[PDB]
Amino acid sequence: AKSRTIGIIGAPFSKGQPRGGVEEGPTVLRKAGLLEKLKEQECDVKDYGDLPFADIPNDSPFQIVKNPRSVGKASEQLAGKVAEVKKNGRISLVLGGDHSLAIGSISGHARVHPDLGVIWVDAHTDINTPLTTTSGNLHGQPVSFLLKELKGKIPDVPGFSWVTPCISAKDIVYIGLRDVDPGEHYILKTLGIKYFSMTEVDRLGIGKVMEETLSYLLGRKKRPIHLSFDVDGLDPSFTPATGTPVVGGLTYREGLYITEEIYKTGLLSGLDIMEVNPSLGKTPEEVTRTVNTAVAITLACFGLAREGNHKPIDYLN
Amino acid sequence: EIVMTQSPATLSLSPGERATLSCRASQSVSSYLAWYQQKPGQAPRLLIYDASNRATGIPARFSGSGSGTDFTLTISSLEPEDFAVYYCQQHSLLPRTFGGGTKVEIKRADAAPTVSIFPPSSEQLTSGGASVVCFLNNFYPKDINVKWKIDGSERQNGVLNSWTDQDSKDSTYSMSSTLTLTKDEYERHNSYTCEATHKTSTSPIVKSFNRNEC
Amino acid sequence: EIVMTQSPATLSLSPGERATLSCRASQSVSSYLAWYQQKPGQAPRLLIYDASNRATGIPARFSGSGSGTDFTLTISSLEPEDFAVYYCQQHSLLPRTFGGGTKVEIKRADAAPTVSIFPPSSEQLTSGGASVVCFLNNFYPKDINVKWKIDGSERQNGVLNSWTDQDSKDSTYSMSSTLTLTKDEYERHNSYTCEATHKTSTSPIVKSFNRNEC
Amino acid sequence: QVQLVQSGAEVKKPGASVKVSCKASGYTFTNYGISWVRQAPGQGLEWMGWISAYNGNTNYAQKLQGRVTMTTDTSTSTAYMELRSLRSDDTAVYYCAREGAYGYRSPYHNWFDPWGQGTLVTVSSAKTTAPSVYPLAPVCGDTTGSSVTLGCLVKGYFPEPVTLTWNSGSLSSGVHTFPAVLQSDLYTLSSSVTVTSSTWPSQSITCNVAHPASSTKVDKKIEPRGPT
Amino acid sequence: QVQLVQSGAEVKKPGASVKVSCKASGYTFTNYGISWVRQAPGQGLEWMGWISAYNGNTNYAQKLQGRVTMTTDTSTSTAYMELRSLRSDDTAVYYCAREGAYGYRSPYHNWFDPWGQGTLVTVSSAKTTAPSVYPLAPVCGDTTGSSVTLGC
């Protein structure tokens, strides 16, 4: 079909976030059988393999931003691979890794579709700049390299000379915000980005939130949707094996509802599954719940509705 | 769980040239590990935070490298205040193992131990005990095997040893051979031998005394 | 947790008629248990899946019954390739216990063991050991008590036994009586007895040798 | 066909675990569930855990909760079983077999029918060493019976097993190769006997002891000792 | 400056625990995370737990799950580490040091740089007793060498 024509891109990258172990991001999501669980329903799954990320030895940090050149080279290599798999007319399923890859994962998507809209499901806004950060981790700064309105408030970070800001402030939607910096909230209220924090999700309910989200992005003109999904945006009772978990998150029901309503538009054109960290589960059962949750989110992005699916032939024979 | 292995288990280098160390990981820690300077009886002072960059108050000479499996620690200007056990610590994988220990000794021309023995006191015989300790003083390097014998037939499971740290001036070592016997086993036998063996000793030095000899 | 008990602990039936077995449950497993054919040194092959129905490649003769506490396994056409330990497995209660073991032997006229003893080698006396092994060969059935004695005073805690599987041709058994002594305890005594006892032996067969006799 | 290929024969002292691959092939994986069952030698069998490949369902057993962890790798259909805090009671042949997943779409299965070939796991702290052959075998040689029992004594080897052939495997009649036994010193003992008559003194009899885990071979020519 | 003051040298037989205060001062607390590391004498070192002062994140290690409990007192910035089912293998110098909290706002830290001065913990069931001096020392006194070794 037009949708559920997946090109999987692994990206085992960890040098944006401190908790080392998300390098087993694509390894664990593939050994849980994401490919085989996609291949029952009509999914033309083509694995493009994990990317080879080199190890730059003299990775001298910025003022607070640390490991800048490795993240810049990793996102440039990823953006090249995403532009390759979107010239094949597929849906760029990227799965890492950490949110530092989403710079390339949205830039390479915007090399083909310049009018995309990002549904950034995350506990955090990830909209810190290299000037307003406190951690300096680049899993907290992917959005501020991508917004067109933040051109000029971004210093020339080494390794990010290729990054062209590709989306505007009114073309991105946050769902699930519950841990926002003061600098992040000031940027989020200055630019006027439509965000659905957990206050609005508790108020309106996930049905009204997804209805207003799809009306905000797709109400004016049908355009590609790039769901960049984080696994700490869901509640840590469902995904405890993530990098920066924040309690009081989206329930597993509500996450599956978000992905089902994105699928029923039929305009999904890129999926990002970041911050899966299998080395942080206190039991292997916690890792099992995290990975089964992320796999179920991806499968509900690509057609598996909870009400059931049937192939269009008669079964009473 | 990643075992961190250090290839120089011990090290002895005179105040002078480079003393490059080793820390091998069992996986790819990938430029995320550290270095320490635990002096004996002290808190482990931090040397290097993430494979380089000389953490905040290090003098001039403790650069290192890595990225990402087998790491180095260069001591280019050795500076004999730095004679301490060094530890490498991986951090970006849990649980957080350290290295093994890299006891940088002092390197001099090998000293002979003064193998000296002492009987238990007669005060101890009025208590019911017998502690026969053979003191070996001012030797280098550490490795000495000491054999106690029941008038020539070897002794086990009563021998205790107390090694010193390396001395500041002569850079030697010292060692007691604490052997504790009962009052009855003391009075049964006389010739109490201390068969010491050092690399400077071509023959095993046997120091002995008879019971009630002195 | 349900203990599954099998009423024939061992079994010896000649190639011929029925060899109906037993598996008693401690609760009502209710027609949900299985049967297996673990040959020695093999993987346990499945016989019956749920109390009947002859699972997928069984020849003609391994029907069973149940429903639901004490089950049977009929071997109607015995077929002497089937001499293996059989296990019953409950499945519809956790945890998933098995049976005990149903070692179907071969049934012949009871054979006498050839009770033979051997001294340790003089090569072993040059090592410091003494392994005195009494070999009992070609007996049926299994049950033999072997007594070692220090010139007539019995020995314990050094005796090891190695039983064979039942032989293909004569359907007998073989057994070592591995007794290991030291070099010193060897030289203290001479007459080293192997008091063997089989059902064919009306008297306990004592095989002995003196030290340095042969 | 429906198989489970396992790997492999591994010895761990009390230390790190004995994670065993149980590679499935032939049947549709993530449509059943692999369980594991141990067997100490000369003992019964104990079920010790069951994963469902449908969704990662752990469901372990009593006395090891705890010690076992069990995962899947269903890109390539293997299933793993690790261990923790190893111990000399865990000298067993760890079998993996298929219960069938107890979901809603997975078919009826209750009875373990792929069975894997088992995995020799002996948990010890001994060192890999050569055997020591100390035989007495008259060559035959008297001290009054016609049947001349004779055999080799294989002493102090680790780990299992050795290979015991008599006269390069040519002597095959009367061979009673005995199953090995494990000492109190955590080393192993074994023996084998061949029985000839007293009418054959001209039969050179050599047990050919070879322990390939130590890669050591002891070919032992034995002769009787002096009569009269 | 950036310190960790500990207290104190305590002996417990196998019985009740050796809850150690690790008082932080100088740096902003609830912006980092204190971990603990043991060291038996003449041995290596073992990490044994890490709390984040941001939000109470336990995250213990293998072989003691279980035995350790770790809390904070961030009114006055100390951090505690208790124990359970004490044993004579736990004769160690329990160091506390700072990993840095791995939240979202907490800064980059991976390397233990406050280090506390350590805590002498010897776990035994003996009674507090006087020493017994039994020397031989010639005063010197011969039995042929010039250098007179002597000691208590």
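Just so it is clear, chain A uses Swiss-Prot numbers, and the residues here are 3-319, in order.
Header says: electron microscopy, 3.6 Å.
Quick reminder: no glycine exception, Cβ is built from N, Cα and C everywhere.
Residue with Swiss-Prot feature phosphoserine, selected from A:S107, A:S170, A:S217: A:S217. The candidate list A:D46, A:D183, A:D204, A:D232 contains one residue that Swiss-Prot assigns to the Mn(2+) 1 site with A:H101, A:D124, A:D128, namely A:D232. When Swiss-Prot records A:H126, A:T127, A:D128, A:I129, A:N130, A:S137, A:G138, A:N139, A:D183, A:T246 as binding substrate, the matching candidate from A:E202, A:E213, A:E214, A:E277 it lists for that site is A:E277. Cross-referencing A:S109, A:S163, A:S199 with Swiss-Prot, the residue annotated as phosphoserine turns out to be A:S163. Counting every protein chain shown, the number of other Cβ atoms lying within 10 Å of the Cβ of A:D128 (Mn(2+) 1 binding site) is 28. Listed in sequence order, the recorded positions from A:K17, A:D124, A:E277 having a Cα within 10 Å of the Cα of A:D234 (Mn(2+) 2 binding site) are A:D124, A:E277. Cα-Cα distance from A:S217 (phosphoserine) to A:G138 (substrate binding site): 35 Å (rounded to the nearest whole number). Here the Cα atom of A:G138 (substrate binding site) is found 12 Å from that of A:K17 (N6-succinyllysine). All protein chains included, A:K75 (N6-succinyllysine) registers 19 other Cβ atoms within 10 Å of its own Cβ. Cβ crowding, taken as the number of other Cβ atoms within 10 Å, peaks at A:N130 among the recorded positions A:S62, A:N130, A:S163. The CA atom of A:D128 (Mn(2+) 1 binding site) is located 9 Å away from the CA atom of A:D183 (substrate binding site).
Chain E has no C-beta under 8 angstroms from the C-beta of any of the recorded positions A:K17, A:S72, A:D128, A:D232, A:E277. A:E277 (substrate binding site): 31 other CB atoms within 10 A of its CB, across all protein chains. Proximity to A:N130 (substrate binding site), defined by a C-alpha to C-alpha distance within 10 angstroms, is shown by none of the recorded positions A:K75, A:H101, A:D232. Listed in sequence order, the recorded positions near A:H101 (Mn(2+) 1 binding site) (C-alpha within 10 Å of its C-alpha) are A:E277, out of A:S62, A:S163, A:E277.
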